[PDB]
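Chains as they are written, first to last, in the authors' numbering: chain E, 38 to 135; chain A, 36 to 134; chain H, 22 to 124; chain D, 31 to 124; chain G, 14 to 118; chain C, 14 to 117; chain F, 19 to 101; chain B, 11 to 101; chain K, 1051 to 1204, 1232 to 1523, 1578 to 1664. Ideal placement from N, C-alpha and C gives every residue a C-beta, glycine not left out.
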Amino acid sequence: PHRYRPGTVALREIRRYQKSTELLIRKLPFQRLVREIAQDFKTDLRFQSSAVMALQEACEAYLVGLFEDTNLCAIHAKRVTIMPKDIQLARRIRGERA
Amino acid sequence: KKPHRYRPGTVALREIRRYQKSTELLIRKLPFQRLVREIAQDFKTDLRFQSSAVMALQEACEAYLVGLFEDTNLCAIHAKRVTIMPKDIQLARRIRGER
Amino acid sequence: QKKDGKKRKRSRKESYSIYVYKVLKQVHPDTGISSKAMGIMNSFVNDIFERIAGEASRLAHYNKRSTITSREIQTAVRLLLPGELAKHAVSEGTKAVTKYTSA
Amino acid sequence: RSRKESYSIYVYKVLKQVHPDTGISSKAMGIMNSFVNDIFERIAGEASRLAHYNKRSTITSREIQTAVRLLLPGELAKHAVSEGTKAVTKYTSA
Amino acid sequence: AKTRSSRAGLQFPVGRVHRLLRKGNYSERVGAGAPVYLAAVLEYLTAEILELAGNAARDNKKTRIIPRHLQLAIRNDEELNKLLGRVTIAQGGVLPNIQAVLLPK
Amino acid sequence: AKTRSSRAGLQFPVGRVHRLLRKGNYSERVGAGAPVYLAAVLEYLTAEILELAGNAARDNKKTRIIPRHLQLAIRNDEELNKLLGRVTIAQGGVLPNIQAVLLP
Amino acid sequence: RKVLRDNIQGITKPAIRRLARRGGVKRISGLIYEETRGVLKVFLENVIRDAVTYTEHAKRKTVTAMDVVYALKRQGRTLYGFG
Amino acid sequence: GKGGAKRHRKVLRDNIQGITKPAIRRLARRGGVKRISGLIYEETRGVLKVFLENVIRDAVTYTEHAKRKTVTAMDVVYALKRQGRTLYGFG
Amino acid sequence: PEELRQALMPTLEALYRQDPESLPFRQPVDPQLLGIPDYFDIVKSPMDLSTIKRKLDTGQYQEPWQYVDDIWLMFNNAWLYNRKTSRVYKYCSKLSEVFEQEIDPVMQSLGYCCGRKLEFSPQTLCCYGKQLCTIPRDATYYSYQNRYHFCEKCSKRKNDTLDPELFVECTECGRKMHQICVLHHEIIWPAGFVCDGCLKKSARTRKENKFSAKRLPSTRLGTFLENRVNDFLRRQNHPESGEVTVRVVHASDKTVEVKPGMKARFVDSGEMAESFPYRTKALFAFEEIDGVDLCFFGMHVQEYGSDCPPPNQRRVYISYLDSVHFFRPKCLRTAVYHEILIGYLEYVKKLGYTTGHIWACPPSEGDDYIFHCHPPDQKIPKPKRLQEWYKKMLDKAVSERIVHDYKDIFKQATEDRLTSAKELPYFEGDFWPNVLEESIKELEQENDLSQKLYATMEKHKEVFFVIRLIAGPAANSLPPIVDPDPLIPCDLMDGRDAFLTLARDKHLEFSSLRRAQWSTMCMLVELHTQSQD
DNA sequence: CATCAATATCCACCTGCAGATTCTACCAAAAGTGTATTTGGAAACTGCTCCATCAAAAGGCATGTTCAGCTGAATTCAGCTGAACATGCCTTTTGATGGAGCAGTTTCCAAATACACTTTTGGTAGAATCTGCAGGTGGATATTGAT
DNA sequence: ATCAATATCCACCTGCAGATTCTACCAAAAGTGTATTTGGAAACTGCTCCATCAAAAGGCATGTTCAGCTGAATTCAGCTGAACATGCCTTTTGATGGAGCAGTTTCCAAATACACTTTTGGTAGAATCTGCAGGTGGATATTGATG
């Protein structure tokens, strides 16, 4: 059975998702999550589709930047695998946490 | 006969506490003032400076440095270390987005 | 004859100091403030004023509103101040406006 | 319906001047409109702050020029200043 | 007869806030209760911040508020720290904080 | 019968910029040359980013500028990237960038 | 309206993996996904409330794109293409 | 005029080194740094240098805008706040 | 010559032992070595301390004043060639202080009065073309033949000079004393000057001074004032208290003329007399300090008797008053001043005068009313402090039941149901006539005069004091005022200008105890000589 | 792991001073009230766009499982680079002091609103033609892993 | 070193939603011409306050030594990457009641625009008060080192 070495498919995905620009988060689950957050904030709310798209791309871009920072911290720690402490460090340096 | 010598870190931690419990300026006034004057003359010659402006610039620069040094210490600790190296400050500035 | 003219160059500048000191007497009658402390307090209150006024002006512009009222200011208080601080500031503003109206 | 103004024909004409054989998509057009609106707002706000700091109640070319110098970095600022100076010179020359 | 601050039970001048709002080019029209609400919010902020500063001063065996006390007041309150996260305090210093790894044994 | 935009030789609407400045409540008074200068600056920036986007599209064998082309143009210019360091471009993605350590 | 719940699990593990791939991350540890989810939730809690605070101010009962984009701008995350 | 004692003090050109080693050490200690590498100092110096043209240029751009020749503290205050680093006490 | 060497070695040795201040003067100034090629251009007498020692050793000095002049020439050269910010200037100042401390006992040991280099203040000149203006100090002025002077607006130089003190040679020993230090006058002692040492060697004493304040002609007012002051001092019993002599030294009848504005407005209508006659009197206060008369207080007053037409009738006005803070004791000094003024306020109310007027106008900086060159350490009172001083003096007068009451001029006008400018007293040189003329002019460009008068009255109410000496019906049935004191013709005090001009011309300064004593002695000699014609 | 001993420092107390606090008086700049004029958006009604909801089919990844490659984590040990410290001096700070420019005063003219006409034209409803690339097909070409 | 199993690159062609091209309206801009108002150019000037220099002194720059920090080499438990089977749930096209978004009228309470009287805040100068910065004396862990 033909099998690729670990990291080859990951790097193929690296080019694949750094070349294309379509959304990677499913529309309906994220819309449901946005509805849940709105319901927790204020009862009886409605959402425009363009507002949903704007929120989705904003969160996607923020998470992409956070993942880039986390990866930079990971290699900074002589590692290839990111761990939650890397995200904590990135958020602390960004000033979002402390 | 064996003069008293503190181990590496005891005086370091002591001055850590001393300089975190104090608020006095750490950069000497005259060299920083000269540096600011020459940086200003790099953009506009024959400029004049108020004493309050120099003090404000010094406070801002020391605050930026203490914040950045906190970030660098955190980054160095993240790498299972206690000593900062230029890679730590480069990472801190990259995460802050300055570079 | 003419005297105490001071060359007609009496530089004056407005400041919240004397008001803030009064607030000090409301919270700590036996506590004082230094010149640096009052300067920092004036800078802080000016910064908060500028931020809240900019937020209120932007919010009024968003709804095509040419008049600034307390509604968009309290909305900006909710936006900018954190939860407990925003809630207490909103309550204080509401009580002040209610008392002013009934005054 | 209420009219919603935009920089449509002006950006299209700029595109034709710089790239006669290259077009733009609708989403990219909206991005460009948002960009020009954001730059306008930033420069105008900076100029307003500049006028407020110097106790000036009038926004002239100098205040917005200084705002552009503060915001635009280096070569972008220099080119914008030169082009705007040429524009105001031709405007006052007629 | 009575000042607007006195009528609203306020210490900061309502008239000065109204004048600054008029001159600040924030809107072409300004409401009557807008300066009152803004003055009340500012009074609450100054009251809480000076209360925390006095608490810090009395904890530091001090009876005069200094920039160090203001820095301690703002930084030990996470809400005030979030409010002033992009603000640096003149002559305020930093909180006493030593990292765990740097500690001995 | 000469428009104030054509009087300065500009493509952007000077009158619209002046009207927006008046409606923006930035000051009680606005100078005559301020809308002209602002229109010139905005049109110069529009030309710069549009030209870079067209070059990026041509590099991609595309003659229609798409949001990806705008992102490629904005992120490949240092000054322009600094200008929009806190701005997210819709449907633009990110630059292809892989560091050596992850590479085999 | 139905009270939606447990929708944070809708951000699937492959979705977070794809987001990391777009972010240039080559390897993912097991505890990453959930953590990122929480961060994502915080981000939403940062924006939607503000937009809601906008929506409440306009006497409107639907969230519009202008509210979202303006809340993102006031959060220092200005977005283009949505007005 | 005489004099009796006068030092040239050729430090103007290399005034970036004017930031003394103990000054940077104290700054790092205030930042909670326990151990400092030898390559930090000059690097931080460059970082310091950068910050200058990050702020003072704007202040200079302020000073030219007011038709003044003296850099004021108010110019510095707006220069810092425009960078997102608002300073209190110099208003 | 070894005597002066033995005397002067300690003084210069103390100068040498001051380190490192005295090092730059150890050797002759070397321009090329020091990089100052302009030293000879500005300094015309290059020499140093080593040259001073060589002259002191090689039989060059005949008498110590030459050595004093040489060391002070060194001080002046160092001060002139170097800015006061420079190191050498402050070193020179310290060494000058050391020498001033050291030389005085040594110079006195040689029989000399002192060893100080004393120079007068710069002498402000006067214009000759305009006959009314003066030559400003430290400003561009024109001069010709050293006799004619002109201002910039009327040889081009700037007036920055110092006049040294004169010297008198003893007739017996030939030593030279300062004229001010020994207080020697040729008129008093035509026989010649003899030093104190020579007088004590032969057990002789200086001839009695016939030109003294006590020997001045006596007057009722002066005798009364001096008796009151002496009684007060005797009651106090202060160890430093002495004998105070008060003499009325000028008394002349003059007239004040209505200015043209008020002359046209009211005099031409037959509502005012064209002029008001009065008697102006000038008196000075003298005290015996160290056996020498010293002037410490003087004032100028104008008295309008019952013969004067209203509203000036039976009114006294204090035009100018001045004092010098050298009275002993200091603590009673101010009180002594009061003991003068109240006494005057008593004397007039004994004659029949009912109203007194005081203008509390403190002197401006650099300006003197009577005594020229006030001491630098004598503070000029501020208007509020001067008003409080006048109020205290008036309260003390009231406590003695001499003064019934005192008021501000605004309250006095309000009580006097004043309705027109005609009811205010008209005094010579007073502020009110000038401000009334200015108000009339202002009306010319535009009860209006009365309204402006009331506005000025309220604006400056705290400055003018009106004192009621006789009040009620007793003020309505007084006998005509007859002055027992005869007229004293003396043009030297016809106004405060003549005395100030004489003091400026003859360098009669009051800036120090010795200088003030010398000025008082010269004033007494001038008065005694002017009395005889 | 229990404790002689040098050392930095919290505190118990002090005492002199720059700075904070108290009080009086002056005075121009706000500030509240009044009267007239103007208008922003609330309510009242209603036209209408898209937001939410329901229905049906399908395949693309979502979810789960299995195997193992290599990677973080742990361990050990060696070159060595900064920490602590003694030694020498030297750069800084502050007080004092000329004058380069920051503001206060006064004139007045080029320059920016207010507003009533008069003309251009940027959105934009509508229909028709043009067109760049989404998507599927097929086969040439690096890429990779271990045969 | 060669080779088979896959992913990559890429030329080509077809159907179409989106990009591009005319026709006609038009009201919201956009432009021109007086009457009006005014922020600011311009000159002279008082007054801050900024550049400059010398002494006191408070540290800053260098050489030594080594305990400890950093970094290289080795090993492995297991976890996450790669592959695959199963299928579910998201995606796409279609339709629909209606809550709700938004256009138009009316017009009053709220806003603005001075005139004016009231008071209130900003600044100068005197003089009393005071919190605290250090200075002196123990003296309190404490940590390095001795044992």
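query	result
Endpoints, beta strand (DSSP E) assigned at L1360/K	1352 to 1366
Three-state class that DSSP yields for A1328/K in the structure shown	strand
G101/B: contacting residues in chain G (beta-carbon distance under 7 Å)	Under the 7 Å cutoff, chain G gives no residues; its nearest Cβ is about 10 Å from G101/B.
Residue range of the unbroken alpha helix (DSSP H) whose run includes residue 1571/K	In the model as presented, chain K runs from 1523 straight to 1578, which leaves residue 1571/K without coordinates.
Reduced DSSP secondary structure (H/G/I, E/B, other) of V1475/K	helix
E1317/K (DSSP reduced to helix, strand or coil)	coil
At least three beta-carbon pairs within less than 8 Å, the stretch 1135 to 1153 of chain K to the stretch 1094 to 1105 of chain K	no
Run of the alpha helix (DSSP H) containing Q1082/K, from where it starts to where it stops	1081 to 1084
The stretch 83 to 100 of chain A contacting the stretch 78 to 97 of chain B, beta-carbon criterion three pairs below 8 Å	yes
First through last residue of the alpha helix (DSSP H) which encompasses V111/H	104 to 123
Cα-Cα separation between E94/E and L60/E, rounded to whole angstroms	7 Å
Endpoints, alpha helix (DSSP H) assigned at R1410/K	1407 to 1428
C-beta contact flag for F1374/K and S1346/K at 8 Å	no
For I124/E, the three-state DSSP class (helix, strand or coil)	helix
Paired residues, beta bridge with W1129/K - DSSP	Beta-bridge pairing links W1129/K to no other residue.
Positions along the stretch 80 to 113 of chain C whose CB lies within less than 9 Å of some CB in chain E	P80, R81, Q84, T101, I102, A103, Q104, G105, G106, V107, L108, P109, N110, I111, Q112
Cβ pair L1618/K, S1396/K closer than 8 Å	no
Endpoints, alpha helix (DSSP H) assigned at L45/D	38 to 48
Residue ranges of each beta strand (DSSP E) within the stretch 1093 to 1145 of chain K, 3 or longer	none
Residues bridged to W1436/K (per DSSP)	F1595/K
Nearest to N1307/K (by Cα), restricted to the options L1298/K, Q1455/K, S1318/K	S1318/K
Candidates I51/A, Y99/A, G44/A, of which the one nearest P109/G by Cα	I51/A
Classification of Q24/G by the beta-carbon crowding that lies within 10 angstroms, buried from 16 upward	buried
Inter-residue spacing [alpha-carbon to alpha-carbon] between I1435/K and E1423/K	15 Å
Neighbouring residues, chain B, relative to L115/G (Cβ below 8 Å)	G42, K44
Three-way DSSP call (helix, strand, coil) for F84/E in this model	strand
Where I130/A meets chain G, residues with beta-carbon distance less than 9 Å	Per Cβ cutoff of 9 Å: no residues; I130/A is ~16 Å from chain G at best.
Element boundaries [beta strand (DSSP E), containing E1052/K]	Taken as a continuous stretch (DSSP letters only), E1052/K belongs to no beta strand (DSSP E), being part of the alpha helix (DSSP H) at 1052 to 1066.
The alpha helix (DSSP H) enclosing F1487/K, as first and last residue numbers	1486 to 1492
Spatial distance of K1144/K from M59/H (CA atoms)	45 Å
Range of the contiguous alpha helix (DSSP H) that encloses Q112/G	Unbroken run through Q112/G: none, as it is neither H nor E.
Buried versus exposed call for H113/A [16 or more other C-beta atoms within 10 Å across all chains shown]	buried
At least 3 beta-carbon pairs within less than 8 Å: the stretch 1269 to 1280 of chain K vs the stretch 1642 to 1650 of chain K	no
Minimum Cβ-Cβ distance from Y98/F to chain D less than 8 Å	yes
7 Å Cβ cut-off: residues of chain F touching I61/D	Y98, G99
Neighbour flag for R17/B against chain A, beta carbons, 8 Å	no
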